[PDB]
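With my numbering as the guide, the letters of the sequence shown map in order to residues 3 to 234.
The block underneath contains the structure these notes are about, expressed in structure tokens.
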Amino acid sequence: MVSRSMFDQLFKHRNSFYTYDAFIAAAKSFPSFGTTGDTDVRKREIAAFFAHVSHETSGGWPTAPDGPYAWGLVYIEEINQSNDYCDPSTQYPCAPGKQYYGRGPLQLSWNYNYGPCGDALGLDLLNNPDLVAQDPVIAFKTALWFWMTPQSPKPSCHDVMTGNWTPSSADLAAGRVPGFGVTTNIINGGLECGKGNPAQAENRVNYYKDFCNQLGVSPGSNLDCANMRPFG
Numbered sequence: 003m004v005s006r007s008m009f010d011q012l013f014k015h016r017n018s019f020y021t022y023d024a025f026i027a028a029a030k031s032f033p034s035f036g037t038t039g040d041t042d043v044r045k046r047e048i049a050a051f052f053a054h055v056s057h058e059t060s061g062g063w064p065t066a067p068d069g070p071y072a073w074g075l076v077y078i079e080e081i082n083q084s085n086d087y088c089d090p091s092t093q094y095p096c097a098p099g100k101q102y103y104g105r106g107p108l109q110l111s112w113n114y115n116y117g118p119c120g121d122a123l124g125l126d127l128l129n130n131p132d133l134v135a136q137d138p139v140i141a142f143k144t145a146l147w148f149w150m151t152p153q154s155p156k157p158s159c160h161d162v163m164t165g166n167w168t169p170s171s172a173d174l175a176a177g178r179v180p181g182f183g184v185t186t187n188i189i190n191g192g193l194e195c196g197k198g199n200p201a202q203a204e205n206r207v208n209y210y211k212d213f214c215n216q217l218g219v220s221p222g223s224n225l226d227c228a229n230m231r232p233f234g
């Protein structure tokens with residue numbers, strides 16, 4: 003998987019909520035994560051997941067010890083907790099008294115994501131969304147759920163990084179060629195790819211390249227997403 007000492011090197015300044023043991027327990031619920039493909043493909047997948055996590059939870063600053071990519075996994079909850087992040091749903095009804103703001107390593111948000119994520123994990127996250135911010139095993143599981151789960155027309159980020167997604171002719175025409183860039187496109191491409199301001203996407207790439215360097219792997223091809231359109 004990832005050794006404890008390597009986890010503690012990549013995430014040297016993290017919030018101690020996010021324990022290595024909790025990450026390992028979560029990954030055992032998604033056993034193909036980081037175990038798919040040859041050695042370089044596995045390292046790239048792990049670096050890619052951790053890069054996105056770090057970008058979404060970073061407490062870094064430009065003169066921080068160990069540099070601006072060493073401060074991933076500092077944040078648990080979204081700061082502004084005034085909006086409920088509730089879109090009325092008959093399938094995933096918003097629980098009275100609860101809110102669906104961002105929680106965990108990939109900032110799970112909205113009743114319409116807490117619902118299906120919870121169902122897949124066997125946890126009532128729709129009616130107890132605060133679970134994600136209480137229990138680091140659950141927190142990591144919500145992030146791996148997102149990484150590992152297709153949402154047609156989008157493949158899973160896992161499949162993109164491990165050779166299990168082959169683009170259609172339309173994907174290719176749109177610049178969606180397998181690599182790290184497509185994972186940014188899946189996560190938040192409507193805001194960060196295409197003609198969006200490229201700053202956030204370029205930050206994700208910088209974490210990814212740094213983590214690939216530490217793991218001793220080439221980052222591979224197609225890292226940018228400015229030359230690709232978000233999935234329809």
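Heads up, the beta-carbon is just placed ideally off N, CA and C, and yes, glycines get one too.
Which parts of the region 127-188 are runs of the alpha helix (DSSP H), unbroken and 4 residues or longer, counting only runs that do not cross its ends? As far as the region 127-188 is concerned, its whole alpha helix (DSSP H) runs of at least 4 residues are 133-136, 138-150, 159-164, 171-175.
How far does the alpha helix (DSSP H) with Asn224 in it reach, from first residue to last? Taken as a continuous stretch (DSSP letters only), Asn224 belongs to no alpha helix (DSSP H), as it is neither H nor E.
Would you tell me roughly how many angstroms separate the C-alpha atoms of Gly234 and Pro155, rounded to the nearest one? Between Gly234 and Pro155, the C-alpha separation is close to 7 Å.
Compute the beta-carbon to beta-carbon distance between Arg46 and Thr37, rounded to the nearest angstrom, for a pair I have assumed lies under 8 Å. Cβ atoms of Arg46 and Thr37 stay farther apart than 8 Å, at about 13 Å.
N- and C-terminal bounds of the alpha helix (DSSP H) containing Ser7: Judged by DSSP secondary structure, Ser7 falls within the alpha helix (DSSP H) whose first and last residues are 6-12.
Buried or exposed: where does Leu12 fall if 16 or more other Cβ atoms within 10 Å of its Cβ makes it buried? Taking every protein chain shown into account, the CB of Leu12 has 16 or more other CB atoms within 10 angstroms, so this residue is buried.
Under a Cβ-count criterion, where at least 16 other Cβ atoms within 10 Å of its own Cβ denotes burial, should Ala175 be classed as buried or exposed? By the neighbour-count rule (16 or more Cβ atoms within 10 Å), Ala175 is not buried but exposed.
Simplified DSSP assignment, three categories, for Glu79: Of the three classes helix, strand and coil, the one that applies to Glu79 here is strand, per DSSP.
Alpha carbon to alpha carbon, what distance is there between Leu110 and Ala27? When rounded, the distance between both Cα atoms is 19 Å.
Around the Cβ of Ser60, are there at least 16 other Cβ atoms within 10 angstroms (buried) or fewer (exposed)? The residue is buried, with at least 16 neighbouring Cβ atoms inside 10 Å.
Can you grab the Cα-Cα spacing for the pair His15 / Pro95, in whole Å? Taking the straight line joining both Cα atoms gives about 37 Å.
Which whole-angstrom value is the C-beta distance of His54 and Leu108, which I expect to be below 8 Å? The Cβ separation is near 7 Å, so the contact holds.
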